[PDB]
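Asker: my sequence and its experimental structure, below.
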Amino acid sequence: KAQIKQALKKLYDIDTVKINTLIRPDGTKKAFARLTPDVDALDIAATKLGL
Amino acid sequence: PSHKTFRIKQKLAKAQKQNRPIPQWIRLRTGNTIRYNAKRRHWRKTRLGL
Amino acid sequence: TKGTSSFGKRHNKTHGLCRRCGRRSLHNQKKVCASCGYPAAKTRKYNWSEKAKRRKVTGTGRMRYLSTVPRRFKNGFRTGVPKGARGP
Amino acid sequence: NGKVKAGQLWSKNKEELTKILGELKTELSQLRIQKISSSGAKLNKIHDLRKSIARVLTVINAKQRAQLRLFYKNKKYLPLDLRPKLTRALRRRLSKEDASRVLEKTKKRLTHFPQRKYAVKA
RNA sequence: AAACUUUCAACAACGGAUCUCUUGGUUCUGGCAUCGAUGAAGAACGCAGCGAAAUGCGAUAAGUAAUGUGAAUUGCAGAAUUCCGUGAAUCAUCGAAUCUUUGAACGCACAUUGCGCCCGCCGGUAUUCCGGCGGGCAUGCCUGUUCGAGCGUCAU
RNA sequence: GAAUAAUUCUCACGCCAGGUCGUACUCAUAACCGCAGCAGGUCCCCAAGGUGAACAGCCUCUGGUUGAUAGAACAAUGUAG
RNA sequence: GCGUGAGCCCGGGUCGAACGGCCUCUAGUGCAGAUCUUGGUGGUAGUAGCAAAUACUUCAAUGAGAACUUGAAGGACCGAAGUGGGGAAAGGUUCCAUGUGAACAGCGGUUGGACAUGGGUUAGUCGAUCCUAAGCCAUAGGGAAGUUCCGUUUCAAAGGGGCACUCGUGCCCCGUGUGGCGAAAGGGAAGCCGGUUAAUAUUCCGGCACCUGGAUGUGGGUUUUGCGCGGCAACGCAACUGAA
RNA sequence: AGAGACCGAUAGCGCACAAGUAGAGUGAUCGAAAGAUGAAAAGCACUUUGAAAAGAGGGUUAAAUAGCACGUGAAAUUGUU
RNA sequence: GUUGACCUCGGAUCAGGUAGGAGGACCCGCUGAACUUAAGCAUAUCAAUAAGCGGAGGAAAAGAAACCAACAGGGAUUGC
Ligand SMILES: [Zn+2]
């Protein structure tokens, strides 16, 4: 989790407050990241081509 | 069981990946002989040793 | 109850995966492999069966390093680069 | 663009090399994001990018490797990876300089009675 | 007289013998001497534009660099080059590199992706705490270095 | 260890952080072991109303099933009552 | 057609790439049997049989096709030491959605734990991680030609605590020592309620809490009699120095 | 690397093929079956019956008496005349 | 008393080094059977072999006589 949080800041300049992880049945790790309330998600997803 | 170890988890992941039919072009390549998968597994037929 | 009745009482494992041969032959209570002899320094091997010997001998695996010595010997274990090369 | 050619990469130094290395990673990461939900001719770029990075990596490593080989020369001890590797058995034979030394008494006889070049008539 | 059982022929069925073939075996002869702590043989997990197996490779991952040849690959798509030179290829050769987790396996252990210690750099008020990065910590023995034990023992 | 402050007060309030792996579903007259979707075997937790001495036997509520190849006739000999 | 005979030669049909006569040489050289070896196929035969666990019925819909698909309405069983609601070992995607030819579900099948394509398992508070039990294995040593057997405190020179520099180097104290593994049912720091998804929740959302570790400030307390007062007492309170 | 008075898919090594693979046993270990369309896929457009699988016409080829159950196609055994 | 030597036994993540494993067709050693033959069987034979253990190379081992002989004497070792 420490590496994931630091990496996100250096790539997308976004800050988080909580990160959860799990290991899928196929063998890859999926990470949920929640953003600070002062920033909205949708626009960042569109700006960074998410959805 | 719901209690597993990382090694047992890892083995199950690989054993799940290698069980699906052959893609389609492979039977349309020049000088090919494969017909149907010869190493199909099924959870209610044959257990391999973990 | 000598047979069928007493087969439903089996739900324990006497062997597990071995770290050195990947075979399920690690005795759980003894903690020695019944095929490779782990944790002994040297690998189990016996001459009263040569079928079992051939099943694990040189040339039945990837051979990541040994399979490139024939070429190096033929060429004389040299070093350097051809005169006309580039990149220094 | 396209693949970076191996010909120009040799005439550089570490500063541009690391900038080119750094930038290349950026487009590769982002261009991958497009791959999800859309398939196109851009997929070809993904293969070209990865392959280009490999070339630049080897060049930086090779340039660095050559530099310190010169530095450690004319020295008795040098790192284990820069020492020549032939064979475990081949690194332990006696050197030809020492496998050819002889004793004074053996040398004394051979200086005055060596093998000669004779012939016999019939 | 039909039906049924039996025999033979023609055609049609079940099954894979016979005939011909062979990038496969077996035997003999000839040449050569090359694994490993600079981490071997073996094992596990991964890598393709579209792949499960076989074959190949290791986060530089269906391969990189360098030399030679000289116009492809091919199941589909897509591009690449085009001949000046700035060079296709699952090509051939191969002298430079990369080489995950393990394995004689080496910090202590392992039915655990468990628990430690030392040095340096970067953040958080920080020599002592937390996080990130790099380099290290096995046993037997030999030669030398340095620090020590002994009324074993020498001279003041 | 103080006399203009000193304080090593287990009192109240206030600041920062808490790494790694498992988590789906069955647990059985079809998901385990018996060559199988086999009347066999396999460790536990919660436990309503009535009759009644009672977790006995018999009927019911919550909850769950209506799944085991079918149609027609009623001879011998059977199996069970 | 020939020969007493093992056999040889020809006519007709099918088929598609090699093959014979004569004299010598050579051998893994001639089949009905061996409860012979491998493979294939019959009579029995559309026969034995598909009979434990009380049981089904009417209307409508989908569909080429309905006793064993769905909805509604009846009639029944399990009868809380359940055919209920959850778990340990074991299983390994069997969970959910959409669609479906053949094969499987010892009858059928539009249905399925079968087939094809996608999705699904979030923790400082639940466990593992920590400690030892029965027991296993290194170290000092002694056996054995040797793979290795014994040995676990033993005839061992076996450690750990503090401080300061200019700084790593330097100083000062205590010592018989006394290693690792071994429990998802033993010992053990800390989380509850309400809601949400086709599929997860003491984890996700809202509210209200708790434990451990680390640096620090304000309020209050104590002190010029330097480290608090009260109750006869059992004792009380928001604090109220304590190294070997 | 070169050869044979060797064997020719029940033979020759257990393996001419994704073979020390699939599969069995808790384990040491045990361990198979499976080669051939045609010179070239030119691997059957289109019409019509059928819910579909498929059938009948019509096509490619020297031959479909070669149609991915594919060279040649014997006997046991079966159907029609 | 102080100081400086010697001998034996130790510490150090001191400087520099080296062995384990694989392969084992051929080679050098140790340990070591029984089936079978004798028409029974115990010495004997199978056999100074199979299985087990240790150690190397492209070859290994042996080798320049405390030899053979009894001759008018030969002259390291290895193989046919
Ligand atoms: Zn093993």
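Answerer: Perfect, thanks for sending it. Residues are numbered from 1 along each chain as shown, chains lettered A, B, ... in the order given.
Asker: mind listing the strands for the chain?
Answerer: No chain in the question, so chain A it is. A:16-23, A:29-35 (DSSP state E).
Asker: I was after chain C.
Answerer: In chain C, the strands defined using DSSP E lie at C:15-17, C:24-27.
Asker: what helix or strand is the residue in chain B that chain A sits nearest to located in?
Answerer: In chain B, the residue that lies nearest chain A is residue B:13 (4.2 Å; CB to the nearest CB). (Each C-beta comes from the backbone N, C-alpha and C, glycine too.) Residue B:13 belongs to helix B:6-17 when assigned by DSSP states H and E.
Asker: that helix near RNA strand G anywhere?
Answerer: Yes. Residues of helix B:6-17 contacting RNA strand G under CB under 7 Å from any atom of the strand: B:8, B:12, B:15-16.
Asker: contact partners of that helix?
Answerer: With contact meaning CB atoms under 8 Å, 6 or more residues apart in numbering or on different chains, helix B:6-17 is reached by A:23, A:25-27, B:41, B:48, B:50, C:17.
Asker: how about that helix: buried residues?
Answerer: In terms of neighbour count (16 or more other CB atoms under 10 Å in any protein chain shown), helix B:6-17 has no buried residues at all.
Asker: could you list the residues of chain D in contact with RNA strand H?
Answerer: Applying CB under 7 Å from any atom of the strand, one finds that chain D does not approach RNA strand H at all.
Asker: follow-up on the earlier one: among the strands of chain C, which comes closest to residue C:57?
Answerer: Of all those, strand C:24-27 sits nearest to residue C:57, with 18.5 Å by CB to CB.
Asker: so which bits of the closest one are buried?
Answerer: Buried positions in strand C:24-27, judged by neighbour count with 16+ other CB under 10 Å: C:24-26.
Asker: which of the residues you listed are close to RNA strand H?
Answerer: C:24-25.
Asker: overlap between the buried residues of strand C:24-27 and the residues near chain B?
Answerer: Of the residues in those, proximity to chain B by CB under 8 Å from any CB of the partner chain holds for residue C:24.
Asker: now render the buried residues of strand C:24-27 as TSV, adding distance to RNA strand G.
Answerer: Formatted as TSV, the buried residues of strand C:24-27 follow (distance: CB to the nearest atom of the strand, whole Å):
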residue	distance to RNA strand G
C:24	10
C:25	15
C:26	14
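Asker: which one of the buried residues of strand C:24-27 is nearest to residue D:42?
Answerer: residue C:24 (46.6 Å).
Asker: burial measure for the closest residue to that closest one other than its chain neighbours, as a count.
Answerer: Nearest residue to residue C:24, sequence neighbours excluded (CB to CB, 6 or more residues apart in numbering or on different chains): residue B:49, at 4.5 Å. Residue B:49 has 8 neighbours, counted by other CB atoms under 10 Å in any protein chain shown.
Asker: so residue B:49 lies in a strand, does it not?
Answerer: No. Counting by DSSP: H, G, I helix; E, B strand; the rest coil, one finds residue B:49 to be coil, located in no strand.
Asker: what about the helix holding residue B:13 and RNA strand H, touching?
Answerer: No. Helix B:6-17 does not reach RNA strand H (CB under 7 Å from any atom of the strand); its nearest approach is 11.0 Å.
Asker: can that helix be said to contact RNA strand F?
Answerer: Yes. Under the criterion of CB under 7 Å from any atom of the strand, helix B:6-17 makes contact with RNA strand F via B:6, B:9.
Asker: show me where chain D has its helices.
Answerer: Taking DSSP state H, the helices of chain D run over residues D:6-9, D:14-35, D:42-72, D:104-112.
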